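Structural characterization, general
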Amino acid sequence: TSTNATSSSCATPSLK
Amino acid sequence: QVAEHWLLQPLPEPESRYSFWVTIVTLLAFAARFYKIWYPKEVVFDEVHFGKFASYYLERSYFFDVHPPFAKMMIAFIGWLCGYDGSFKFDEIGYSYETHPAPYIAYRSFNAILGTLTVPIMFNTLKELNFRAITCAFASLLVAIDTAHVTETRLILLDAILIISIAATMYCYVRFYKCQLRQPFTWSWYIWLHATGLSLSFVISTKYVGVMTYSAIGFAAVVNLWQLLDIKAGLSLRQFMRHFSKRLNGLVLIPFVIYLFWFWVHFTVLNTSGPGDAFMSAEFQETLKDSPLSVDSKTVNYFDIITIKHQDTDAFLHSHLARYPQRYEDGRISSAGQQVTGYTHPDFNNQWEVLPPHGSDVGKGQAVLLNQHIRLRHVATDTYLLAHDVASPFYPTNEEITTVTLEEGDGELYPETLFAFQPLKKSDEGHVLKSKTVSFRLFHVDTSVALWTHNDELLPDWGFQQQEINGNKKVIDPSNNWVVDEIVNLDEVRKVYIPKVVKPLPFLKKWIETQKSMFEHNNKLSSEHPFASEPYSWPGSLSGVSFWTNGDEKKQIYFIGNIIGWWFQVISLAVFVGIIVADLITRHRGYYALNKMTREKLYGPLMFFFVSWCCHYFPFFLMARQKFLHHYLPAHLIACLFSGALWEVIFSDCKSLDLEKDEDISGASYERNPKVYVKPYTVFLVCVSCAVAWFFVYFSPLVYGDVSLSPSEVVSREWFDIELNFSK
Amino acid sequence: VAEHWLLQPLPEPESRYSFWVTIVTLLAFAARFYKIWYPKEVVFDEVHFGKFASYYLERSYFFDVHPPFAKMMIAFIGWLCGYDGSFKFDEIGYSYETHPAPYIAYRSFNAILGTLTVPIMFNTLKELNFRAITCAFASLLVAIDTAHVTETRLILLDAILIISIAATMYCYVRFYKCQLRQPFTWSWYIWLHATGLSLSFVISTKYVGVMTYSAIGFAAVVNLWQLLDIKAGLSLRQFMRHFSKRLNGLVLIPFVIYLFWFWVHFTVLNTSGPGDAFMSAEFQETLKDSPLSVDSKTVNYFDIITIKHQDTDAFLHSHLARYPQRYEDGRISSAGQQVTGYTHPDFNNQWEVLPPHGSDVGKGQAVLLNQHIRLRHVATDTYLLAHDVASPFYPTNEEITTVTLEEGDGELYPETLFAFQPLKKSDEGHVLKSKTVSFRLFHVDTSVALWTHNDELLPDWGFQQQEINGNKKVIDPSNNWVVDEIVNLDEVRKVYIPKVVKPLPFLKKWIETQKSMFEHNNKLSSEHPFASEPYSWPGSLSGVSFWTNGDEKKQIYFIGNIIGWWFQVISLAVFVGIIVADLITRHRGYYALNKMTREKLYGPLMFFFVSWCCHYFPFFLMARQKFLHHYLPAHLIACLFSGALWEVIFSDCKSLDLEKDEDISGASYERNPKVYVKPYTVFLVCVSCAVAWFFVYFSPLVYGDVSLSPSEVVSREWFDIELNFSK
């Protein structure tokens with residue numbers, strides 16, 4: 001699958 | 001007192017000029033935030049969190065996040081006003097609000113209102129600091145059309161509530177300070193003191209970074225208490241202690257009670273067991289009722305007759321004596337096997353018996369565990385569920401789901417009858433399966449597919465317009481989720497529910513426990529987000545954050561500051577430090593370059609904003625959690641105020657009347673109304689405003705995500721560690 | 001600042017100072033030289049600094065994170081003893097009897113420096129016009145501190161650091177008194193350059209010496225600020241003369257002396273050694289071959305090589321197994337041949353280095369860094385390839401595979417082009433050598449570097465081997481590889497081959513080593529059991545195990561004199577209370593304190609308080625590993641401070657008139673405030689007896705020379721002090 005740049009546009013963590 | 005003569009002046013312009021400019025900049029701020037507010041029709045960035053925390057409020061389930069409850073309760077309150085039930089969970093970025101109608105336009109509109117209302121508060125802060133109407137307009141414009149402030153304040157984020165509460169705190173404190181200079185202990189003095197405290201409470205009740213706003217106002221309040229302690233202020237120690245005790249009450253004690261009030265509301269609303277339980281003690285969990293789903297949840301045993309329901313379409317796993325057509329409409333060959341379909345009404349053809357694998361020692365009344373091999377027997381046709389290497393009616397890549405006779409399924413086709421209730425999380429493997437509470441994928445063991453269904457297209461007349469059931473090769477897809485709805489053959493002993501007896505606890509004990517857990521989890525949580533940024537990069541806006549991407553349309557939302565604007569802000573800060581150092585050096589040489597009124601502007605409002613900016617910037621060099629550009633966002637509101645102010649001060653007649661005499665000496669003559677060079681000042685502000693507006697328009701496709709950019713247009717916007725999607 | 005106080009004659013005859021300095025120096029000598037031959041084994045960081053002394057004597061290049069001066073001083077004692085550097089100090093507990101290093105001479109050198117610190121501290125307070133008993137007491141707090149004693153009797157850098165800090169404080173006080181009396185005298189120049197010299201030794205020992213530069217720099221700026229005032233009566237030309245001379249004496253000359261120690265270091269260390277792995281190939285070309293053996297074999301075209309990852313020790317490996325047509329997340333692979341990281345040497349680790357198609361480059365020509373190459377896997381007869389297919393675990397990184405010779409000589413030729421990319425741009429075009437030259441295995445077409453990790457292993461289809469992928473973050477230090485072996489090496493190339501030493505300019509050599517020093521120092525973020533945070537240091541709440549003998553149940557434990565340390569914490573708190581009370585009372589028009597008491601408080605005491613702040617608070621901003629010994633510079637200043645503070649408390653501090661500010665020009669004030677010597681001496685004796693009692697009680701753990709019963713061990717365990725043999 002095409003690599004793609006940047007990232008998956010993630011959220012930030014919420015504890016465990 | 002600090003800037004007493006400057007701040008007690010009448011306004012430099014008629015009120016009609018202020019009313020004109022505040023209206024224009026508020027209309028620009030409104031237009032920038034409400035532009036295409038319905039799009040993207042998808043969950044963006046941290047909408048995955050705050051949206052969820054809201055819903056959980058509507059369902060009354062107990063959660064736990066590292067942030068105080070106030071801003072999440074304000075978001076949930078908009079949902080409550082819309083009659084939203086909390087059904088939609090915002091689980092991932094890109095989830096369609098069209099599938100499950102969450103009042104996302106109302107949530108985004110609430111934030112867009114708060115972001116818009118920040119602008120006139122900023123304007124009125126400088127108006128009350130006696131700056132010109134154009135200066136107030138310009139400083140507020142730098143926030144009205146900043147790309148980062150716009151992007152954040154149109155999405156379902158906490159930062160709209162934070163930023164307006166910080167702006168309100170600065171404004172209320174300036175109003176309080178003017179009342180303090182005119183006449184202390186007036187009714188207006190009490191109103192503005194308690195309004196500063198109330199706004200400070202909303203800041204810390206939104207995010208713990210709000211301690212920086214307490215530090216900024218606390219420093220200014222201590223500096224003013226220090227001036228009131230001076231003898232040359234004729235303040236009898238009793239009058240000083242009256243100032244101290246009233247400020248302690250208004251700025252610390254009352255805000256702390258309001259902070260505790262939001263936790264009291266939070267624990268009163270969240271009275272049912274939920275995803276937060278794992279973070280709390282058993283004694284805290286004893287204060288929570290059982291979830292409505294857990295009350296009706298029954299352990300699923302082998303030889304239980306169950307109904308299996310799809311989470312997204314509400315359809316039951318269903319089968320009947322009708323058969324797949326020997327060829328589908330596209331000419332592919334089916335098995336001509338028995339149909340398995342999704343049916344939205346409860347009937348006898350929804351009934352499946354859970355059987356153990358052949359040759360297992362597992363008897364009647366033993367619990368089914370997640371990820372164990374099972375067989376499903378359709379009760380009405382006496383056939384085993386089967387999946388095989390035959391393509392499904394609508395999806396050529398997915399498998400047809402059928403049923404086989406008991407004799408054939410106990411013979412050669414035995415492997416093709418093996419399913420598992422695969423858990424959504426690997427942590428949940430080997431847990432007991434329960435009705436209504438445990439979601440799973442119905443996983444086929446041999447071909448490694450998950451059972452799936454959809455409601456965008458229904459089977460033709462030969463499939464009775466029922467939903468297709470197929471074997472999806474994308475096993476991890478959240479649309480492959482099922483639940484056991486009912487256990488039809490449940491024994492009378494297993495029917496009896498014993499309600500948990502809710503045990504009460506001391507609000508303060510409940511609050512202390514939750515607060516310790518909040519600080520412990522905030523200090524831990526170690527990861528490396530492909531978007532974390534260090535404090536040194538923020539004033540330059542050298543990197544940003546991807547908020548959303550659509551692969552098919554090549555569209556994206558990217559969080560970044562208005563580089564031209566943030567850089568004006570920086571260059572200012574440097575010029576002001578240069579002015580203060582030059583004033584200090586020249587005075588130490590007996591050379592008094594600056595007029596008294598220019599110094600009252602520099603060491604009063606400009607120093608207040610400079611120290612307030614320092615409080616919102618430098619403490620981040622002493623922290624170590626994950627830090628993302630949003631914080632320079634609060635400090636940027638403050639530094640925009642500062643920039644407008646310092647540049648107005650510069651374009652003024654700053655010269656002392658006599659360079660050999662200190663105009664600060666009592667009885668010295670000084671110019672009370674320094675002339676502003678309005679013509680060159682207005683041209684300068686228009687040039688900077690046009691450059692900031694040009695940048696905002698140039699980046700508007702990345703603020704709104706509403707325009708597809710060609711790869712060359714994407715690459716033309718890579719200005720620094722700015723990595724954008726679709727540059728290739 | 002404190003002009004009238006510091007220009008007074010000494011409060012006592014010189015014979016009293018000479019008596020007390022002699023007594024406290026003899027106590028310091030006795031405490032450091034007690035059983036200096038014991039243990040007859042390598043202790044704690046003697047494993048590092050003894051080893052570095054050996055490498056200086058052998059002239060073998062090493063690389064460490066600390067400047068060279070203090071290690072060269074240790075090595076210089078070995079050189080004076082005729083020691084050859086044979087003993088390596090490899091582990092704690094190694095006997096000095098089997099391989100005789102001059103360990104008694106090294107320990108004695110540190111014990112001399114630790115002893116000489118005490119009279120410098122004494123004379124610092126003497127020059128600040130404090131009484132002889134005050135000077136004695138402050139110096140006694142360092143003479144019989146358990147941490148200062150333990151560190152200054154072992155082969156450690158801290159003896160050289162602490163004496164250089166003490167000398168810096170003393171020289172600056174002497175300079176400041178010369179500045180108050182008569183600036184630009186010969187004595188003023190001597191003390192200015194002596195302060196600079198001592199500051200140079202501080203930063204040339206450890207980078208924490210920047211805190212001593214900050215302390216002296218602050219005091220020098222405060223005094224330059226007073227000289228800039230129009231009331232000082234100086235012309236701008238006279239001020240600029242002060243500025244330029246202080247800049248020269250406190251910055252420029254110390255920086256030249258700092259560079260001089262690196263020049264000596266590179267002149268002494270002229271042979272290849274364990275430091276080579278931290279430096280560029282261009283730096284390594286400045287080093288002679290060791291008189292021993294070097295495996296730095298030149299890699300030639302058509303050599304068969306093994307390529308090893310630096311962080312995971314895995315070899316670049318390939319075999320006939322193929323990537324699955326889809327990964328577990330549903331992404332499509334090439335279904336190409338697998339390239340993996342394998343930790344064991346085998347035939348599938350063998351790659352032939354081939355030149356690009358159509359190159360005139362023949363067998364036996366050296367491969368140069370950053371030249372295009374191809375890698376042929378010897379076992380499968382396939383070319384290494386990277387392409388725009390995502391890797392198994394990292395969607396942003398490229399899958400690394402192999403292609404047939406026919407396809408790789410056809411359309412896929414660009415995708416078979418790699419380079420041994422140097423870590424430094426200065427090293428481009430140098431000859432590639434096995435074991436010594438680190439590189440990134442860079443793919444030319446897609447601009448990725450080959451990378452591997454060991455936190456997650458490939459599933460059963462990849463045999464639980466490490467993933468090899470094309471990392472887009474090319475500059476990442478985890479992308480580093482080395483050629484480990486040349487499998488097809490000719491018999492002539494196996495025997496030793498000489499090396500033409502190439503010269504490098506000193507400043508280039510120094511800049512490279514300095515960058516490597518800061519980069520490696522910032523990477524010291526592992527967890528260590530004895531690591532401690534700045535908040536625990538002033539309380540001495542935890543310590544460090546330095547040595548243990550299991551058979552004799554004996555141990556050395558590094559901890560502060562807790563009675564002495566708290567007494568200093570109380571002293572710091574009392575002073576802050578006094579300053580806050582003075583500021584509040586003055587703001588009310590109440591002038592409680594005499595002018596001379598204020599000159600002591602806002603002069604020497606404030607100078608030591610700010611100097612302590614400079615050696616303590618910056619550690620809260622440091623995210624690297626930290627340890628209790630980092631507080632010894634601050635404790636040293638806190639000893640001077642506490643002695644001085646309690647003399648002030650036991651002085652007649654009262655103003656003559658509580659309604660009049662004695663700081664106003666022409667106000668009458670008491671010039672010679674009476675010290676209440678009797679109660680002050682009783683107080684100092686009581687505190688000295690308590691500190692001495694603690695030192696005696698902990699002496700078995702300072703010296704390691706007495707076996708303690710488990711109940712006696714447990715009786716010394718309090719707070720987070722964990723001792724060996726408590727069971």
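**Concerning the domain arrangement of chain C**
If you check the domain split of chain C, you get domain 1 (3-264 + 533-714) and domain 2 (304-488). With centres defined by C-alpha atoms, the gap from domain 1 of chain C to domain 2 of chain C works out at 55 Å.

**Topic: the packing of aromatic side chains**
How two aromatic rings sit relative to each other is given by the distance of their centres and the angle of their planes. All names here are of chain C. Summed over the entire model, instances satisfying the criterion amount to 140 aromatic pairs over all chains. A centroid spacing of 5.2 Å and a plane angle of 55° characterise the contact between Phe 175 and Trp 188, whose relative ring orientation is tilted. Taken as a pair, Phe 175 in helix α8 (residues 158-181) and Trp 188 in helix α9 (residues 186-205) lie far apart in primary sequence, 13 residues in all. Here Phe 262 and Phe 266 contribute two aromatic rings whose centre-to-centre distance is 6.2 Å and whose plane-to-plane angle is 55°, an arrangement assigned as tilted. Highlighted residues: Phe 262 and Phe 266, both in helix α11 (residues 236-268), separated by four residues, approximately one helical turn. On the basis of relative accessibility, which here comes to 0%, the residue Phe 262 falls in the buried class. Lying over the aromatic face of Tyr 383, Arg 374 brings its terminal NZ or CZ to 3.5 Å of the ring centre. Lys 600 extends its terminal NZ or CZ atom over the ring of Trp 5, reaching a point 5.0 Å from the ring centre.

**Brief notes about helix α4 (residues 69-80) of chain C**
Residues and elements named next belong to chain C. Here α4 spans 16 Å end to end across 12 residues, near enough to the 16 Å set by a 1.5 Å rise per residue. Looking at α4, one finds that the buried residues are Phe 69, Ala 70, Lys 71, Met 72, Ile 74, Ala 75, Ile 77 and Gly 78. Against α3 (46-58), α5 (103-127), α8, α9 and α11 lie the buried residues of α4. One or two residues past the end of α4 sits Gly 82, with phi positive at roughly 70°.

**Side note on the environment of B:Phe651**
All names here are of chain B. Positionally, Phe 651 belongs in the loop between α19 (632-650) and α20 (678-704). Residue classification places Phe 651 among the buried residues on the basis of a relative accessible area of 18%. Along the primary structure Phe 651 and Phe 123 are separated by 528 residues, whereas in three dimensions their C-alpha atoms are 19 Å apart.

**Describing the UniProt feature "domain: MIR" in chain C**
Residues and elements named next belong to chain C. Following the UniProt record, one finds the feature "domain: MIR" at residues 296-356, 364-423 and 429-486. Each end of residues 364-423 is marked by a C-alpha atom, and these two atoms are 25 Å apart; helix forms 7% of the span and strand 45%. Along residues 429-486, the helical share is 0% and the strand share 40%, with 20 Å between the first and last C-alpha atoms.

**A look at the environment of C:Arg598**
Residues and elements named next belong to chain C. Tracing the sequence through the fold places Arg 598 in helix α17 (residues 595-616). Taking the C-alpha atoms as reference points, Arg 598 and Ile 579, separated by 19 residues in sequence, lie 9.3 Å from one another. Excluding its chain neighbours within four sequence positions, the residues that come into contact with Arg 598 are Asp 582, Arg 586, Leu 593, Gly 603, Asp 661 and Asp 663.

**Some points on the packing of α5(C) against helix α6 (residues 132-143) of chain C**
All names here are of chain C. The geometry of α5 relative to α6 is characterised by a closest axis approach of 8 Å and an angle of 150° between their N-to-C directions. Judged by the angle between their axes, α5 and α6 are roughly antiparallel. For the crossing formed where α5 meets α6, the hand is right-handed. Here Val 118, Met 121, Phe 122, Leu 125 and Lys 126 of α5 lie close against α6, whose contacting residues are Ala 132, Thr 134, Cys 135, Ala 136, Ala 138, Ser 139, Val 142 and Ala 143. For the contact of α5 with α6, the residue count by class is 10 nonpolar, two polar and one charged.

**Digging into the pairing of strand β14 (residues 554-558) of chain C**
Residue and element names in this part refer to chain C. Most of β14 sits out of view: five of its five residues are buried. Both faces of β14 are covered, namely the face carrying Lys 554, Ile 556 and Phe 558 and the face carrying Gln 555 and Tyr 557. As paired elements, strand β13 (residues 544-549) and β14 share five bridges and run antiparallel to each other. Of the residues in β14, the one forming a bridge with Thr 548 is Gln 555. Linking two consecutive strands that pair antiparallel, namely β13 and β14, is a turn of four residues; a positive phi of about 50° is found at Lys 553 within it.

**Some details on the nonpolar core**
Residues and elements named next belong to chain B. The biggest cluster of nonpolar side chains holds 157 residues, and the ones touching the most others in it are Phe 90, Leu 126, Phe 547, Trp 613 and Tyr 632. When residues in this core are grouped by element, the largest group, 16 residues, is from helix α8 (residues 159-182). Excluding its chain neighbours within four sequence positions, the residues that come into contact with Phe 547 are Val 44, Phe 45, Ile 93, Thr 151, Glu 152, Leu 155, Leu 157, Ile 557, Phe 559 and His 630.

**Focus on the UniProt feature "domain: MIR" in chain B**
Residues and elements named next belong to chain B. Look at the UniProt record and you will see "domain: MIR" annotated at residues 297-357, 365-424 and 430-487. When the span residues 365-424 is considered, its composition is 7% helix and 45% strand, and the gap between its end C-alpha atoms is 25 Å. Here residues 430-487 runs as 0% helix and 40% strand, with 20 Å between its end C-alpha atoms.

Cut-offs and rules
- Residues numbered from 1 in each chain as written, not as in the entry; some residues may be left out.
- Chains lettered and ligands numbered in written order.
- Heavy atoms only, no water.
- Residues with missing side-chain atoms left out of burial classes, pairs and counts.
- Domains from an automatic or database assignment.
- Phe/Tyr/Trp six-rings, centres within 6.5 Å; stacked < 30°, edge-to-face > 60°.
- Helix = DSSP H or I, 4+ residues; strand = E, 2+ residues; numbered from the N terminus.
- Buried < 20%, exposed > 50% of the residue type's maximum accessible area, 1.4 Å probe, protein only.
- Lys NZ or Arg CZ within 6 Å of the ring centre and 35° of its normal.
- Expected span 1.5 Å × (residues − 1).
- Contact = heavy atoms within 4.5 Å.
- UniProt positions renumbered as here; feature names shortened; annotations may be inferred.
- Axes fitted to C-alpha atoms, helices over the stretch in contact; angles between N-to-C directions.
- Parallel < 35°, antiparallel > 145°, perpendicular 65-115°, else oblique.
- Left-handed = near helix turned anticlockwise from the far one by under 90°.
- Nonpolar A, V, L, I, M, F, W, Y, C, P; charged D, E, K, R; others polar.
- Pairing = 2+ DSSP bridges.
- Core = buried A, V, L, I, M, F, W, Y, C linked by side-chain atoms within 4.5 Å.

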